[PDB]
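Novice: Below is one structure. I have some questions about it.
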Amino acid sequence: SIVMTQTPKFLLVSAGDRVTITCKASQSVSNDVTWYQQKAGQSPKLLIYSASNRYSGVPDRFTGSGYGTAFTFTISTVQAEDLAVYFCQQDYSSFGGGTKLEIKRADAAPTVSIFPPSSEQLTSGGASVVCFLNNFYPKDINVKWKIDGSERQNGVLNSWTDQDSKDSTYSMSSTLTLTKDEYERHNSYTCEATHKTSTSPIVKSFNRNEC
Amino acid sequence: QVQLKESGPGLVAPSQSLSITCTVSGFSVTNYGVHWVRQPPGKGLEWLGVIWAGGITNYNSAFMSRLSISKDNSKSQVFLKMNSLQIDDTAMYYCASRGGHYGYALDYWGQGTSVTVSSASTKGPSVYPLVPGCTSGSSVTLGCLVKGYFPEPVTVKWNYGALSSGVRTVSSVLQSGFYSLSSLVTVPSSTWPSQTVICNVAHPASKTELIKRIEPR
């Protein structure tokens, strides 16, 4: 029970920009504040201890300051790979609510691939068709499926990657899952991707009888 | 070098207990305290308690009569037991420790063990090849579609981790009580199929380790 109020909750910054996160303690705590970095799917990593000391291995662009109640953590010059959640801690049970650092970069159009169901899945009674949209920015994107030239919305599941550590782009898959019987009732399968990079869609298609 | 490593069940039924072990190398649990910290999905950390070198335990009171931390110095193991789980106990569970005079900072963390609380049943994934249908192009994108598993997580590697550049693994999606994801990799269209490409899919809950070779139509 000390509260660490951490702001902002989200940052969107370009590579090379400066970031500053603040944690305000509910009581005066000298320099007894820690900063951690947690990248997607990883454990926390110590960056800064006793308010202002860089750990071992921590790069110079990471700094902390403060004493008493108002604590600051700064990244001088944000690199692509700094995409992470950052948070403060006071005593062992007092954490700040975290700051998600997201990267903005130049808009990028997706590369589209289409994949028919595999023979293995067909044997199981299932048929998933996948449309993969790779390396685009920003994250928002649309996919429209047509079967025998008719729009099909049912059976579609969409899912994105986390932002890329190196290039700061997103990728996503759109998966249309049918039964084998339904799949075998139709021949042409098309997906159409539309992204803000163009009013024109990007299409990929196949025919089951060729596949 | 120091390593902390959690081991745990993956799935716990509502109202039942969770037992996890943290195994330590690189320092003596006789001399250093070891903490438990958890992280519910998409949320922040939550400290549970600590067992100090001498054996004193301190706990987070939000867990008042529910938690037991203990250790066996002779096995370099620290244990957590948490009674009466409910769905909001679903979390990643970490053990953590401090190797130096870093104030309250913990510099050592385990990889974590994922715990899901649910009345449902562990179910191994099926893995299906994503192979270009029937190409021109300087690159080729290949993939593995992983469906029907429960609980989370699964991991996907390509050529046992050796193929890392150009790997894209989407988030899992929950539908009808089961998870699916896909993982894709882009390689030069010269490199496949002339060199073998396989995906490696692990699902710790069912102790599953699959290999699927991607081959040309």
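By order of appearance in the structure tokens: chains A, B, ..., then residues from 1 within every chain, and ligands from 1 in the order shown.
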With only C-alpha atoms as the counted atoms, please give the residues lying no more than 7 Å from residue B:118, apart from itself and same-chain residues fewer than 6 positions off, as a list in words.

Specialist: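 Contacts, in chain order: residues 11, 12, 13, 14 and 87 of chain B.
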
Novice: Please run DSSP on the backbone and report, as an NGL selection string, all residues within stretch 20-181 of chain B that come out as strand (DSSP E).

Specialist: :B and (20-25 or 34-39 or 46-51 or 57-59 or 67-72 or 77-82 or 91-97 or 108-109 or 113-117 or 126-130 or 139-149 or 155-158 or 167-169 or 173-175 or 178-181)

Novice: Can you list every residue of chain B that has an atom at most 6 Å from chain A, with its nearest atom pair and the distance in Å to one decimal, using only C-alpha atoms, ordered by chain then number, as a tab-separated table?

Specialist:
residue	atom	partner	partner_atom	distance
B:47	CA	A:93	CA	5.0
B:102	CA	A:49	CA	5.7
B:104	CA	A:91	CA	5.8
B:105	CA	A:34	CA	5.8
B:107	CA	A:46	CA	5.4
B:111	CA	A:43	CA	5.9
B:130	CA	A:115	CA	5.9
B:132	CA	A:115	CA	5.6
B:133	CA	A:115	CA	5.8
B:134	CA	A:211	CA	5.7
B:169	CA	A:161	CA	5.9
B:170	CA	A:161	CA	4.2
B:171	CA	A:161	CA	5.8

Novice: Env of residue B:52: 10 Å cut, atoms = only C-alpha atoms, seq-sep filter 2 positions within chain, self excluded. Answer as an MDAnalysis selection string.

Specialist: chainID B and resid 29:35 49:50 54:58 70:71

Novice: Emit the selected residues as a tab-separated table (two decimals), in the first residue's frame, including N, CA, C and O atoms.

Specialist:
chain	number	residue	atom	x	y	z
B	29	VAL	N	19.63	-20.24	-2.30
B	29	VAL	CA	18.39	-19.82	-1.63
B	29	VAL	C	18.54	-19.72	-0.12
B	29	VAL	O	17.70	-19.08	0.54
B	30	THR	N	19.63	-20.28	0.43
B	30	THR	CA	19.92	-20.11	1.83
B	30	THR	C	20.28	-18.70	2.16
B	30	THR	O	20.09	-18.28	3.31
B	31	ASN	N	20.71	-17.94	1.17
B	31	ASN	CA	21.31	-16.64	1.40
B	31	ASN	C	20.51	-15.47	0.82
B	31	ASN	O	20.89	-14.32	1.01
B	32	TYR	N	19.50	-15.77	0.03
B	32	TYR	CA	18.80	-14.70	-0.76
B	32	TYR	C	17.32	-15.00	-0.70
B	32	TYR	O	16.90	-16.14	-0.77
B	33	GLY	N	16.50	-13.95	-0.68
B	33	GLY	CA	15.04	-14.16	-0.72
B	33	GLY	C	14.51	-14.31	-2.13
B	33	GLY	O	15.12	-13.78	-3.06
B	34	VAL	N	13.39	-15.01	-2.24
B	34	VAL	CA	12.77	-15.34	-3.55
B	34	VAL	C	11.34	-14.96	-3.43
B	34	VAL	O	10.65	-15.28	-2.47
B	35	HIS	N	10.86	-14.23	-4.44
B	35	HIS	CA	9.52	-13.67	-4.46
B	35	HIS	C	8.67	-14.33	-5.53
B	35	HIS	O	9.20	-14.86	-6.48
B	49	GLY	N	4.17	-12.54	-2.59
B	49	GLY	CA	4.89	-12.76	-1.34
B	49	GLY	C	6.33	-13.11	-1.57
B	49	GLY	O	6.84	-13.14	-2.70
B	50	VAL	N	7.01	-13.30	-0.47
B	50	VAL	CA	8.46	-13.52	-0.48
B	50	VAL	C	8.77	-14.48	0.64
B	50	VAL	O	8.13	-14.42	1.69
B	54	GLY	N	16.47	-16.52	5.66
B	54	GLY	CA	16.18	-17.20	6.95
B	54	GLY	C	14.84	-17.90	7.11
B	54	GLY	O	14.56	-18.52	8.14
B	55	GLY	N	13.94	-17.80	6.13
B	55	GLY	CA	12.68	-18.50	6.17
B	55	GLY	C	11.46	-17.65	6.51
B	55	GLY	O	10.37	-18.17	6.42
B	56	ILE	N	11.66	-16.40	6.89
B	56	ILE	CA	10.50	-15.53	7.21
B	56	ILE	C	9.72	-15.36	5.89
B	56	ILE	O	10.34	-15.13	4.89
B	57	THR	N	8.40	-15.42	5.95
B	57	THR	CA	7.57	-15.14	4.79
B	57	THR	C	6.77	-13.90	5.00
B	57	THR	O	6.26	-13.66	6.15
B	58	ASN	N	6.63	-13.12	3.94
B	58	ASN	CA	5.68	-12.00	3.94
B	58	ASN	C	4.82	-12.15	2.72
B	58	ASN	O	5.28	-12.58	1.65
B	70	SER	N	6.99	-21.66	0.63
B	70	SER	CA	7.94	-22.40	1.44
B	70	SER	C	9.12	-22.75	0.53
B	70	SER	O	9.16	-22.36	-0.61
B	71	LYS	N	10.14	-23.39	1.10
B	71	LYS	CA	11.27	-23.76	0.29
B	71	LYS	C	11.96	-24.97	0.85
B	71	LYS	O	11.74	-25.35	2.01
